[PDB]
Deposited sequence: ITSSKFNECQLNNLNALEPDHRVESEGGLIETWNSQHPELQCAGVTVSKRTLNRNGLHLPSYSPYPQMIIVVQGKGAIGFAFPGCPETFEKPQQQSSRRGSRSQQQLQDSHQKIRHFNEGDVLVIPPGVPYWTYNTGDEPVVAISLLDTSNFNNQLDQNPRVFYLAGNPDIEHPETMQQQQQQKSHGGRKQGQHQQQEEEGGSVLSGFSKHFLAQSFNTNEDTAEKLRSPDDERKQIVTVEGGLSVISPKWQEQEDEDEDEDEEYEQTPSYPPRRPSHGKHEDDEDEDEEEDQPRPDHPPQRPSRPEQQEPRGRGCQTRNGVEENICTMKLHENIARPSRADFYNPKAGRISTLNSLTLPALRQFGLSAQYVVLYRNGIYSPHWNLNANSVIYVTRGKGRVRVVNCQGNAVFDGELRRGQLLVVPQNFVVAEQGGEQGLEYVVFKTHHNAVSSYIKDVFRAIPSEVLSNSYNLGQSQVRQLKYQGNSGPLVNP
């Protein structure tokens, strides 16, 4: 309605968390005007030593970024035979890798590393495919799930824990003892759990995998300000159907990201490692958000809103979740070399010496080092 008529943005932090015998789940309230406008909601899910996230799915696509830690995920796709014990061709993800969890598709993840895996997943709760509502939803196939988004309700069992065990028994062609097992009416290990001892194993082919970190195929490289890598439907076609792309901006010492904006896409920045200055301006040239942003914090970017950032004394590296398979952007210092001189003159009231300046002066990169 007016979801974006916001005259002030925040660097929001998780408003909910759930303890677990396997890991930890931190969620960002979905009702914050910031996330309300962009029509999304993020969730920081962490996997302790040998963490195993029990299967579940959502009525909306999920773009997840593994910043710290590594592991292995498994999809439960329909039809596709369990070519990989009859299990689907399981997948192993690494740090800096990007994945897009299809809607209504149950998924399970296991930590195959020493360091606790920390991942950030963008819940496109306003996506095309989602035909329910804004309020996020998670349907777990197992375990006794502990509410991750209390806003939805304002107990909690899996989907199997809703049918009388006699029914499942007949359905699965088994006894009732095993039936109750599926109902998990007793278990109290919450969402994530740890696999003791270890774990064996040591369209259908639409590579839903892609590492964004790989500093090989970026876009701009300025060894005094940093670089920025983008991921979209071009390299990762799959994204096309879920309409979501991301970028991993890295700002060196005082490195600056020229005032840029997003044409056809909202943005939500996530500070991974670092601390820096960030400014966002709307129509009336207002500084809707002019402050510091560092690790853990999240910042929304209202589509055409203009934003610029500079790495702090410690530096600044983050990831941006945009809502469009092929999100485009442009930095003001580029528009200049696009608009004719005489137009720039009559616009800012500058002689041709200053106009001939802004253009040919500087480099062809939004990454500037003061």
Point to revise | Missing CA stretches, deposited numbering from 1, N-terminus first | key: 1 to 5, 90 to 108, 179 to 199, 248 to 325
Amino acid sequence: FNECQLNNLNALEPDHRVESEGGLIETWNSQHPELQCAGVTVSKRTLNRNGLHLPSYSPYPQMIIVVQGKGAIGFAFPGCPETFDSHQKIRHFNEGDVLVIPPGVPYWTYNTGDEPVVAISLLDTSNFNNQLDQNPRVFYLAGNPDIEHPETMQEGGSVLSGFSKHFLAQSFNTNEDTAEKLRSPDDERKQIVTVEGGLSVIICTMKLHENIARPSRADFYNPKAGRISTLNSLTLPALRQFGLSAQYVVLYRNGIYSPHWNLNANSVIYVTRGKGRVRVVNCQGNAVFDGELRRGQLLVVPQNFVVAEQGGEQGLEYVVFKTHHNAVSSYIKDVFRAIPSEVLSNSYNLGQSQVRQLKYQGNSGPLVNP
From here on, numbers count along this sequence of modelled residues.
Point to revise | Mean Cα B-factor comparison, 220 to 228 or 267 to 275, giving the higher one as deposited | key: 220 to 228
Check your understanding: Once you work out the mean C-alpha B-factor for both 305 to 313 and 331 to 339 from the entry, which is higher?
Key -> 305 to 313
Exercise for review: Compare the CA B factors listed in the entry for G243, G96, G296, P150 and report the winner.
Suggested key: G96
Check your understanding: Based on the PDB record, which member of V138, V159, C80, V300 exhibits the highest Cα temperature factor?
Key -> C80
**Study point:** Modelled-residue ranking by C-alpha temperature factor, third containing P215
**Key:** highest
Practice item. Comparing against every modelled residue in the chain, figure out the third that the C-alpha B-factor of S43 lands in (lowest, middle or highest). Key: middle
Exercise for review: Looking at the entry's B-factor column for C-alpha atoms only, identify whether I64 ranks in the lowest, middle or highest third of its chain.
Suggested key: middle
Review point. Based on the entry's values, in what third of the chain does the Cα temperature factor of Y257 lie: lowest, middle or highest?
Key: middle
Practice item. Compare the C-alpha B factor of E155 with those of the other modelled residues in its chain, then answer lowest, middle or highest third. Key: highest
